[PDB]
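Residue numbers (the entry's author numbering), protein chains in the order written: chain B8, 270 to 323; chain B7, 163 to 215.
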Amino acid sequence: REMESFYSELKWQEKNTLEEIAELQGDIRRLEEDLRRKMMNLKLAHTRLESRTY
Amino acid sequence: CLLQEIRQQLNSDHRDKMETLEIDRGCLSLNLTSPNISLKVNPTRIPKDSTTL
């Protein structure tokens, strides 16, 4: 009896862990495209500020 | 004599400022998603003469 109780508890644990993993992976991917847009905008502003020297 | 020289120097000033206007309207015109955008060398430099207002 006590063995089977332990078994049920563990399966509950693993299922919740799986779902949390998937959600985190999605978030991280979003963060990389944030990086890319940041650099792009910096390039634009860099050019703007440079050009006035003419 | 005085009038001719005054007019010519004003002419010079006028062409200078209109060139500046061209540059500045282009500066407002551009934006992102543009073929000319990139990283330029240390443009944070202050100019040498650096005229004030």
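Positions of the beta carbon are idealized from the N, C-alpha and C atoms, including for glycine.
Quiz item: Among 310 (chain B8), 321 (chain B8), 312 (chain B8), which residue has its Cα nearest to the Cα of residue 208 (chain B7)?
Solution: 321 (chain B8)
Self-check item: Limits of the alpha helix (DSSP H) - the one that residue 316 (chain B8) falls within
Solution: 271-320
Quiz item: Which class does residue 212 (chain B7) belong to by DSSP, given the choice of helix, strand or coil?
Solution: DSSP places residue 212 (chain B7) in coil when its eight states are reduced to three.
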